[PDB]
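S.K.: mmCIF, C-alpha atoms and all ligand atoms, saved as run_31.cif, coming up:
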data_data
#
loop_
_atom_site.label_atom_id
_atom_site.label_comp_id
_atom_site.auth_asym_id
_atom_site.auth_seq_id
_atom_site.Cartn_x
_atom_site.Cartn_y
_atom_site.Cartn_z
CA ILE A 1 0.00 0.00 0.00
CA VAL A 2 1.41 3.42 -1.09
CA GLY A 3 0.54 6.48 1.07
CA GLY A 4 -1.14 4.27 3.69
CA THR A 5 -0.67 3.94 7.46
CA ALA A 6 -0.26 1.05 9.95
CA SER A 7 -3.41 -0.88 10.99
CA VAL A 8 -4.00 -2.01 14.62
CA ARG A 9 -4.68 -5.58 15.80
CA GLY A 10 -8.29 -6.63 15.00
CA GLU A 11 -8.92 -3.71 12.59
CA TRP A 12 -9.48 -5.75 9.34
CA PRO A 13 -10.43 -9.22 10.61
CA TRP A 14 -11.42 -10.60 7.13
CA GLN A 15 -7.88 -9.89 5.83
CA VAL A 16 -5.65 -12.96 5.41
CA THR A 17 -2.02 -13.36 4.28
CA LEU A 18 -1.56 -16.25 1.78
CA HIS A 19 1.95 -17.74 2.03
CA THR A 20 3.77 -19.95 -0.44
CA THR A 21 6.36 -22.36 1.02
CA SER A 22 8.23 -23.08 -2.28
CA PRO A 23 11.15 -22.71 -2.50
CA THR A 24 10.94 -20.78 0.82
CA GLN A 25 8.07 -19.41 2.93
CA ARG A 26 6.90 -15.88 2.04
CA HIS A 27 3.77 -13.77 1.68
CA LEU A 28 2.29 -14.25 -1.83
CA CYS A 29 -1.02 -12.35 -1.76
CA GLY A 30 -3.83 -10.98 0.33
CA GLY A 31 -7.26 -12.54 0.56
CA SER A 32 -10.61 -12.07 2.30
CA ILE A 33 -12.62 -14.44 4.56
CA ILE A 34 -16.12 -14.76 2.94
CA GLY A 35 -17.24 -18.02 4.60
CA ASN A 36 -16.07 -20.46 7.28
CA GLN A 37 -14.15 -22.49 4.66
CA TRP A 38 -13.76 -19.85 1.90
CA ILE A 39 -11.16 -17.17 0.97
CA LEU A 40 -11.75 -14.86 -1.99
CA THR A 41 -8.51 -13.72 -3.68
CA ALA A 42 -7.00 -12.96 -7.16
CA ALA A 43 -6.36 -15.72 -9.77
CA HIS A 44 -3.04 -14.07 -10.74
CA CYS A 45 -1.65 -15.00 -7.26
CA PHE A 46 -1.34 -18.66 -8.46
CA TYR A 47 1.00 -18.06 -11.42
CA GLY A 48 3.79 -20.63 -10.92
CA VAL A 49 2.06 -22.24 -7.85
CA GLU A 50 2.56 -26.02 -8.52
CA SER A 51 -0.40 -27.08 -6.32
CA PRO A 52 -2.38 -26.12 -3.19
CA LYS A 53 0.04 -28.36 -1.14
CA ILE A 54 2.55 -25.46 -0.84
CA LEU A 55 0.01 -22.84 0.34
CA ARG A 56 -0.70 -21.69 3.91
CA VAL A 57 -3.52 -19.29 4.89
CA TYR A 58 -2.80 -17.19 8.03
CA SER A 59 -5.70 -15.26 9.66
CA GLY A 60 -5.58 -12.79 12.57
CA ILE A 61 -2.10 -11.53 11.54
CA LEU A 62 -1.14 -7.87 12.05
CA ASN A 63 2.66 -8.21 11.62
CA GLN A 64 4.24 -10.77 9.23
CA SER A 65 6.94 -11.23 11.98
CA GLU A 66 4.23 -12.93 14.21
CA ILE A 67 4.39 -16.02 11.87
CA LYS A 68 6.78 -18.68 13.32
CA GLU A 69 7.21 -22.48 12.80
CA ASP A 70 4.43 -23.16 15.42
CA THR A 71 1.94 -20.47 14.21
CA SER A 72 -1.29 -22.26 13.17
CA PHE A 73 -2.53 -21.82 9.57
CA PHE A 74 -5.29 -23.30 7.38
CA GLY A 75 -4.33 -25.71 4.62
CA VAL A 76 -5.89 -25.17 1.20
CA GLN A 77 -8.08 -28.05 -0.08
CA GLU A 78 -8.78 -26.49 -3.51
CA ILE A 79 -7.93 -23.41 -5.65
CA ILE A 80 -10.94 -22.47 -7.86
CA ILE A 81 -9.81 -20.05 -10.57
CA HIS A 82 -12.42 -18.47 -12.85
CA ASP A 83 -12.46 -20.60 -16.05
CA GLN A 84 -12.06 -17.45 -18.26
CA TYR A 85 -9.00 -16.04 -16.40
CA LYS A 86 -5.97 -15.45 -18.74
CA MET A 87 -4.11 -12.44 -17.18
CA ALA A 88 -4.96 -9.80 -14.52
CA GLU A 89 -5.29 -6.91 -17.04
CA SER A 90 -7.87 -8.84 -19.19
CA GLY A 91 -10.20 -9.48 -16.16
CA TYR A 92 -11.68 -12.57 -14.45
CA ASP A 93 -8.93 -12.06 -11.82
CA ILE A 94 -10.80 -13.99 -9.12
CA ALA A 95 -10.15 -17.23 -7.23
CA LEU A 96 -11.69 -19.07 -4.29
CA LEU A 97 -9.62 -21.01 -1.78
CA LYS A 98 -11.54 -23.84 -0.10
CA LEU A 99 -9.80 -24.37 3.29
CA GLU A 100 -9.15 -27.83 4.75
CA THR A 101 -11.20 -26.94 7.86
CA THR A 102 -13.69 -24.25 9.01
CA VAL A 103 -12.62 -20.95 10.58
CA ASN A 104 -14.20 -20.54 14.03
CA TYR A 105 -14.99 -16.80 13.79
CA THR A 106 -13.32 -14.65 16.56
CA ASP A 107 -12.40 -10.96 17.12
CA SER A 108 -9.25 -11.68 14.99
CA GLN A 109 -10.87 -13.69 12.09
CA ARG A 110 -14.31 -12.56 10.77
CA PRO A 111 -16.11 -12.74 7.41
CA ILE A 112 -16.80 -9.77 5.12
CA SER A 113 -20.22 -9.62 3.35
CA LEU A 114 -20.43 -9.78 -0.44
CA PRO A 115 -22.17 -6.79 -2.03
CA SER A 116 -25.86 -7.29 -1.19
CA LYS A 117 -28.79 -8.03 -3.54
CA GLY A 118 -30.46 -4.62 -4.21
CA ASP A 119 -27.29 -2.46 -3.70
CA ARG A 120 -26.05 -2.54 -7.35
CA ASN A 121 -26.67 1.28 -7.60
CA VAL A 122 -25.29 2.23 -4.10
CA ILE A 123 -22.49 4.86 -4.50
CA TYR A 124 -19.75 3.72 -2.05
CA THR A 125 -17.94 6.74 -0.47
CA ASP A 126 -16.01 4.88 2.33
CA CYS A 127 -13.60 2.45 0.59
CA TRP A 128 -10.28 1.14 1.96
CA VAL A 129 -7.49 -0.99 0.48
CA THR A 130 -5.35 -3.05 2.87
CA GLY A 131 -2.26 -5.26 2.61
CA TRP A 132 1.43 -5.95 3.27
CA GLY A 133 2.43 -4.84 -0.26
CA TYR A 134 5.23 -2.41 -1.30
CA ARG A 135 4.99 1.31 -0.23
CA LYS A 136 6.64 2.27 -3.62
CA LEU A 137 7.25 0.60 -7.04
CA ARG A 138 10.69 -0.86 -5.95
CA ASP A 139 10.29 -1.77 -2.20
CA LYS A 140 9.71 -4.87 0.05
CA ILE A 141 6.81 -6.67 1.75
CA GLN A 142 5.80 -4.63 4.86
CA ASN A 143 5.76 -6.12 8.37
CA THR A 144 2.61 -4.26 9.55
CA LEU A 145 -0.71 -4.50 7.62
CA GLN A 146 -1.22 -1.08 5.94
CA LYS A 147 -4.50 0.70 5.08
CA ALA A 148 -5.42 3.60 2.75
CA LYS A 149 -8.78 5.27 1.98
CA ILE A 150 -9.21 5.52 -1.83
CA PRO A 151 -12.14 6.98 -3.83
CA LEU A 152 -13.91 4.92 -6.50
CA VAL A 153 -13.68 6.32 -10.05
CA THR A 154 -16.27 5.74 -12.83
CA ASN A 155 -15.49 2.97 -15.40
CA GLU A 156 -15.67 5.81 -18.02
CA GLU A 157 -12.86 7.79 -16.26
CA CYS A 158 -10.92 4.53 -15.69
CA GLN A 159 -11.15 3.52 -19.41
CA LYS A 160 -9.87 7.01 -20.42
CA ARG A 161 -6.69 6.40 -18.29
CA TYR A 162 -6.18 2.85 -19.69
CA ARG A 163 -6.87 3.22 -23.46
CA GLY A 164 -4.68 0.09 -24.10
CA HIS A 165 -6.87 -2.13 -21.86
CA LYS A 166 -10.55 -3.22 -21.95
CA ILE A 167 -12.06 -1.72 -18.74
CA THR A 168 -15.33 -3.75 -18.40
CA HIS A 169 -18.35 -3.73 -16.02
CA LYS A 170 -16.46 -6.68 -14.33
CA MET A 171 -13.78 -4.20 -13.12
CA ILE A 172 -13.96 -1.28 -10.67
CA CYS A 173 -11.23 1.38 -10.41
CA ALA A 174 -10.11 3.54 -7.47
CA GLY A 175 -7.55 6.29 -6.96
CA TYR A 176 -6.85 10.02 -6.65
CA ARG A 177 -6.35 12.22 -9.77
CA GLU A 178 -2.96 13.31 -8.31
CA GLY A 179 -2.05 9.72 -7.20
CA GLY A 180 -0.16 9.13 -3.90
CA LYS A 181 -2.43 6.38 -2.40
CA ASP A 182 -2.85 2.94 -4.07
CA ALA A 183 -2.25 -0.80 -3.84
CA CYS A 184 1.20 -2.00 -4.94
CA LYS A 185 3.15 -5.27 -5.39
CA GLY A 186 2.06 -7.90 -2.77
CA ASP A 187 -1.39 -6.32 -2.12
CA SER A 188 -3.02 -8.36 -4.97
CA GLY A 189 -5.88 -10.62 -3.89
CA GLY A 190 -6.63 -8.49 -0.84
CA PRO A 191 -9.86 -6.56 -0.34
CA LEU A 192 -11.23 -3.21 -1.44
CA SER A 193 -13.61 -2.95 1.55
CA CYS A 194 -16.45 -0.37 1.48
CA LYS A 195 -18.57 0.47 4.54
CA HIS A 196 -22.28 1.21 3.83
CA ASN A 197 -24.84 1.67 6.67
CA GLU A 198 -21.97 0.65 9.07
CA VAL A 199 -21.70 -2.75 7.27
CA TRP A 200 -18.50 -3.69 5.38
CA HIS A 201 -18.86 -5.12 1.86
CA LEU A 202 -16.15 -6.75 -0.25
CA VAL A 203 -16.53 -4.44 -3.29
CA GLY A 204 -13.16 -5.15 -4.96
CA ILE A 205 -10.24 -7.57 -5.17
CA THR A 206 -6.86 -5.86 -5.68
CA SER A 207 -5.83 -6.81 -9.25
CA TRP A 208 -3.50 -4.49 -11.25
CA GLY A 209 -2.45 -0.92 -12.04
CA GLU A 210 0.18 0.97 -14.10
CA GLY A 211 3.05 1.38 -11.58
CA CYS A 212 1.70 2.32 -8.09
CA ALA A 213 -0.11 5.53 -7.02
CA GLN A 214 0.81 7.38 -10.28
CA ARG A 215 -1.16 10.54 -11.27
CA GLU A 216 -4.28 9.65 -13.36
CA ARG A 217 -3.61 5.84 -13.16
CA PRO A 218 -6.18 4.38 -10.77
CA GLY A 219 -5.81 0.92 -9.32
CA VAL A 220 -7.99 -1.71 -11.04
CA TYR A 221 -9.98 -4.19 -8.90
CA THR A 222 -12.15 -7.18 -9.67
CA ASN A 223 -15.79 -5.90 -9.35
CA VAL A 224 -17.01 -8.55 -6.83
CA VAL A 225 -20.75 -7.76 -7.26
CA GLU A 226 -20.47 -9.01 -10.93
CA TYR A 227 -19.14 -12.42 -9.62
CA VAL A 228 -21.70 -13.04 -6.79
CA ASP A 229 -23.54 -15.71 -8.94
CA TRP A 230 -20.13 -17.41 -9.69
CA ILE A 231 -19.15 -17.33 -5.96
CA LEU A 232 -22.53 -18.72 -4.79
CA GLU A 233 -22.34 -21.47 -7.49
CA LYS A 234 -18.79 -22.48 -6.49
CA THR A 235 -19.45 -22.31 -2.69
CA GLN A 236 -22.84 -24.28 -2.84
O1 LIG B 301 3.48 -7.67 -7.68
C1 LIG B 301 2.76 -8.60 -7.30
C2 LIG B 301 1.41 -8.73 -7.96
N1 LIG B 301 0.76 -7.37 -8.07
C3 LIG B 301 0.72 -6.71 -9.25
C4 LIG B 301 0.12 -5.49 -9.41
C5 LIG B 301 -0.48 -4.90 -8.32
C6 LIG B 301 -1.15 -3.64 -8.30
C7 LIG B 301 -0.47 -2.44 -8.49
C8 LIG B 301 -1.14 -1.20 -8.44
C9 LIG B 301 -2.52 -1.15 -8.18
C10 LIG B 301 -3.22 -2.36 -7.99
CL1 LIG B 301 -5.01 -2.33 -7.67
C11 LIG B 301 -2.52 -3.57 -8.03
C12 LIG B 301 -0.44 -5.57 -7.10
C13 LIG B 301 0.20 -6.82 -6.98
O2 LIG B 301 0.25 -7.45 -5.92
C14 LIG B 301 0.28 -5.16 -10.74
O3 LIG B 301 -0.15 -4.18 -11.35
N2 LIG B 301 0.96 -6.09 -11.42
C15 LIG B 301 1.28 -7.15 -10.46
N3 LIG B 301 3.04 -9.58 -6.40
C16 LIG B 301 4.19 -9.59 -5.69
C17 LIG B 301 4.19 -10.32 -4.49
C18 LIG B 301 5.33 -10.39 -3.68
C19 LIG B 301 6.50 -9.73 -4.06
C20 LIG B 301 7.60 -9.77 -3.29
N4 LIG B 301 7.92 -10.71 -2.41
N5 LIG B 301 9.09 -10.35 -1.84
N6 LIG B 301 9.47 -9.17 -2.39
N7 LIG B 301 8.54 -8.82 -3.29
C21 LIG B 301 6.51 -9.00 -5.25
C22 LIG B 301 5.37 -8.94 -6.06
#
Translate the structure of the given file into structure tokens.
Ligand SMILES: O=C(Cn1c2c(c(-c3cccc(Cl)c3)cc1=O)C(=O)N=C2)Nc1ccc(-c2nnn[nH]2)cc1
M.R.:
Amino acid sequence: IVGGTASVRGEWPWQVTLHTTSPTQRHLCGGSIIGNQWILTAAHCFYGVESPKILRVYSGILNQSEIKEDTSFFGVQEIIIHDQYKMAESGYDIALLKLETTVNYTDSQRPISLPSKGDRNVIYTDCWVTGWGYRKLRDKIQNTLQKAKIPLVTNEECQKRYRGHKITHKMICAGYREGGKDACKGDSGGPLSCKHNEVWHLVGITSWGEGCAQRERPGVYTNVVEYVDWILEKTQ
């Protein structure tokens, strides 16, 4: 996260850190708890992942440095990538992780609601991106989970900034005209969380952008409301 600030313990309890353990253990991507056995994340996180056997899902993490050889994690039973996914910039950047057991929900590990039936025309004004990603284009994974408030942009404005890409109704964009706050490398798969009537909804999945926090280059997110039918089909 560029231009963000440290989170506190318990602040974003649907946020997970997805680790690979091949060839060494590291943070790969963010993800969001959407059900007791379900993480919603980005398909592009699994490029070069040989199988779910090497993945670990950690919940209730504030600092990456909390994770030690005895820290409990959820195994991943299945990675469900959207069957039309080809590359982040061409859309369908969405994946479900089915966990090997159920999360018992606590103060540290809670689900986020999908965007709700009847809210397709809500204008979200309170949207936050979170993650352990770089704070600039050439940086490192951050220890402490970062947060940044970012305004949604119209698909029309977003398409005008990305004339070499197809910005579709299945994407949502967010950023400041003068840049400075954005997702960056290692935030992919994490949430764009929007609060409406004091309820959080998982509006976006961090997907791609041109650099990080550049002027007139908003971040591009998977538009979760356009995948609710796909999520319910896969999870039922
Ligand atoms: O960069 C990635 C994958 N990614 C991308 C992009 C973005 C991205 C950039 C700007 C806005 C938005 Cl909404 C997304 C995030 C993002 O996470 C991108 O535009 N193109 C790729 N993953 C990643 C993980 C980990 C290390 C890493 N590990 N150790 N050191 N670095 C290094 C990169």
S.K.: I'd like to know which of A:134, A:12, A:85, A:162 is closest to ligand LIG 301 (chain B), using all atoms listed in the file.
M.R.: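 Checking each of A:134, A:12, A:85, A:162 against ligand LIG 301 (chain B), counting all atoms listed in the file, the winner is A:134.
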S.K.: Let me see if you get this right: every residue at most 10 Å from ligand LIG 301 (chain B), counting only C-alpha atoms and all ligand atoms, written as an mmCIF file with C-alpha atoms, in the frame of the given file.
M.R.:
data_model
loop_
_atom_site.group_PDB
_atom_site.id
_atom_site.type_symbol
_atom_site.label_atom_id
_atom_site.label_comp_id
_atom_site.auth_asym_id
_atom_site.auth_seq_id
_atom_site.Cartn_x
_atom_site.Cartn_y
_atom_site.Cartn_z
ATOM 1 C CA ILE A 1 0.000 0.000 0.000
ATOM 2 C CA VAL A 2 1.410 3.420 -1.090
ATOM 3 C CA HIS A 19 1.950 -17.740 2.030
ATOM 4 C CA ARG A 26 6.900 -15.880 2.040
ATOM 5 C CA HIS A 27 3.770 -13.770 1.680
ATOM 6 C CA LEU A 28 2.290 -14.250 -1.830
ATOM 7 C CA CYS A 29 -1.020 -12.350 -1.760
ATOM 8 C CA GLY A 30 -3.830 -10.980 0.330
ATOM 9 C CA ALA A 42 -7.000 -12.960 -7.160
ATOM 10 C CA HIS A 44 -3.040 -14.070 -10.740
ATOM 11 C CA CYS A 45 -1.650 -15.000 -7.260
ATOM 12 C CA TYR A 47 1.000 -18.060 -11.420
ATOM 13 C CA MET A 87 -4.110 -12.440 -17.180
ATOM 14 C CA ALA A 88 -4.960 -9.800 -14.520
ATOM 15 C CA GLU A 89 -5.290 -6.910 -17.040
ATOM 16 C CA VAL A 129 -7.490 -0.990 0.480
ATOM 17 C CA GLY A 131 -2.260 -5.260 2.610
ATOM 18 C CA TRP A 132 1.430 -5.950 3.270
ATOM 19 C CA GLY A 133 2.430 -4.840 -0.260
ATOM 20 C CA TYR A 134 5.230 -2.410 -1.300
ATOM 21 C CA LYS A 136 6.640 2.270 -3.620
ATOM 22 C CA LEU A 137 7.250 0.600 -7.040
ATOM 23 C CA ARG A 138 10.690 -0.860 -5.950
ATOM 24 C CA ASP A 139 10.290 -1.770 -2.200
ATOM 25 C CA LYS A 140 9.710 -4.870 0.050
ATOM 26 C CA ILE A 141 6.810 -6.670 1.750
ATOM 27 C CA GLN A 142 5.800 -4.630 4.860
ATOM 28 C CA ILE A 172 -13.960 -1.280 -10.670
ATOM 29 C CA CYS A 173 -11.230 1.380 -10.410
ATOM 30 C CA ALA A 174 -10.110 3.540 -7.470
ATOM 31 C CA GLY A 175 -7.550 6.290 -6.960
ATOM 32 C CA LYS A 181 -2.430 6.380 -2.400
ATOM 33 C CA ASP A 182 -2.850 2.940 -4.070
ATOM 34 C CA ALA A 183 -2.250 -0.800 -3.840
ATOM 35 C CA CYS A 184 1.200 -2.000 -4.940
ATOM 36 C CA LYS A 185 3.150 -5.270 -5.390
ATOM 37 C CA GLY A 186 2.060 -7.900 -2.770
ATOM 38 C CA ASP A 187 -1.390 -6.320 -2.120
ATOM 39 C CA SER A 188 -3.020 -8.360 -4.970
ATOM 40 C CA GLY A 189 -5.880 -10.620 -3.890
ATOM 41 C CA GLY A 190 -6.630 -8.490 -0.840
ATOM 42 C CA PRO A 191 -9.860 -6.560 -0.340
ATOM 43 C CA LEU A 192 -11.230 -3.210 -1.440
ATOM 44 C CA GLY A 204 -13.160 -5.150 -4.960
ATOM 45 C CA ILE A 205 -10.240 -7.570 -5.170
ATOM 46 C CA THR A 206 -6.860 -5.860 -5.680
ATOM 47 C CA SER A 207 -5.830 -6.810 -9.250
ATOM 48 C CA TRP A 208 -3.500 -4.490 -11.250
ATOM 49 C CA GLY A 209 -2.450 -0.920 -12.040
ATOM 50 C CA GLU A 210 0.180 0.970 -14.100
ATOM 51 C CA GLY A 211 3.050 1.380 -11.580
ATOM 52 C CA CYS A 212 1.700 2.320 -8.090
ATOM 53 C CA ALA A 213 -0.110 5.530 -7.020
ATOM 54 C CA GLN A 214 0.810 7.380 -10.280
ATOM 55 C CA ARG A 217 -3.610 5.840 -13.160
ATOM 56 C CA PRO A 218 -6.180 4.380 -10.770
ATOM 57 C CA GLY A 219 -5.810 0.920 -9.320
ATOM 58 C CA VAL A 220 -7.990 -1.710 -11.040
ATOM 59 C CA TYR A 221 -9.980 -4.190 -8.900
ATOM 60 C CA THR A 222 -12.150 -7.180 -9.670
#
S.K.: What does the distance from atom CA of residue 31 of chain A to atom CA of residue 176 of chain A come to in Å, to one decimal?
M.R.: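 We find that atom CA of residue 31 of chain A and atom CA of residue 176 of chain A lie 23.7 Å from each other.
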S.K.: Might you pull out every residue within 12 Å of residue 72 of chain A, with all atoms listed in the file counted and same-chain residues fewer than 3 positions away left off, and present them as a ChimeraX atom specification?
M.R.: /A:56-61,66-69,75,103
S.K.: Pick the closest to residue 54 of chain A from A:36, A:20, A:125, A:41: which is it, counting only C-alpha atoms?
M.R.: A:20
S.K.: Given the point (-5.6, 4.1, 2.3) in the file's coordinates, find the residues that have an atom at most 7 Å from it, counting all atoms listed in the file, and give them as a list in words.
M.R.: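 Within 7 Å of (-5.6, 4.1, 2.3), the protein and nucleic acid residues are residues 3, 4, 128, 129, 147, 148, 149, 150 and 181 of chain A.
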S.K.: Closest to residue 229 of chain A among A:8, A:158, A:97, A:114, using all atoms listed in the file?
M.R.: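 Of all the options, A:114 lies closest to residue 229 of chain A.
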S.K.: One decimal, in Å: what's the spacing between atom CA of residue 234 of chain A and atom CA of residue 43 of chain A?
M.R.: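 Atom CA of residue 234 of chain A sits 14.5 Å away from atom CA of residue 43 of chain A.
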S.K.: Between A:159, A:113, A:144, A:37, which has the minimum distance to residue 98 of chain A (counting all atoms listed in the file)?
M.R.: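 Comparing A:159, A:113, A:144, A:37 against residue 98 of chain A, the winner is A:37.
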S.K.: With distances taken over all atoms listed in the file, which residue among A:77, A:63, A:5, A:197 lies nearest residue 96 of chain A?
M.R.: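 Looking at the shortest contact to residue 96 of chain A, the residue is A:77.
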S.K.: What's around residue 196 of chain A at 12 Å? Count all atoms listed in the file, leave out sequence neighbours fewer than 6 positions away in its own chain, and write the answer as a ChimeraX atom specification.
M.R.: /A:113-116,119,122-127,202-203
S.K.: Report the distance between atom CA of residue 104 of chain A and atom CA of residue 71 of chain A in Å, rounded to one decimal place.
M.R.: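 We find that atom CA of residue 104 of chain A and atom CA of residue 71 of chain A lie 16.1 Å from each other.
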S.K.: For residue 233 of chain A, which residue among A:14, A:6, A:80, A:145 is the nearest when counting all atoms listed in the file?
M.R.: A:80
